[PDB]
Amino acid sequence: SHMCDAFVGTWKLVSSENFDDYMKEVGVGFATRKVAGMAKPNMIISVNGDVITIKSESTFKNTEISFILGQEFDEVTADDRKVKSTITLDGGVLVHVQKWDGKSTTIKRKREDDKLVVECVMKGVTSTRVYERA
């Protein structure tokens, strides 16, 4: 299919802005915010047929999701929320919506130049996380 070719690979976090405020808006507690905010994760994206896998590896937590676009799944997030997730491709952007406890957050992953830019939005608060090839 080649749907996500330009996302595939191993990516390393190189910059972050407003992530603590995003985590506050999500409801993450103090200690997790502090430890999670230090992490410099590897994001590893691969595709096999229709199944996309995204791994996040860091000193804080190692997470993994596998999914088919448009098909809801269960996710336990790094901060231990139990959420219902749906990921779609919209105009070349991977759009990941998480629902839990009547709340919602959206994580967008986009290729921009040689970077993979991750925008995390909770209500009025956005955090931008910039990844480069590992």
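When you see a residue number, it is the position in the sequence shown, counting from 1.
> Hey, which bit's got the bigger mean C-alpha B factor in the entry, 100-108 or 42-50?
Looking at the recorded C-alpha B-factors, 100-108 comes out higher on average.
> Could you check the entry and say whether 76-84 or 63-71 has the higher mean CA B-factor?
So the stretch with the higher mean C-alpha B-factor is 76-84.
> Going by the recorded CA B-factors, say which third of the chain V26 sits in, lowest, middle or highest.
Ranked within chain, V26 CA B lands in the highest tercile.
> Sorting by Cα B-factor within the chain, modelled residues only, which third would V117 end up in: lowest, middle or highest?
Middle third.
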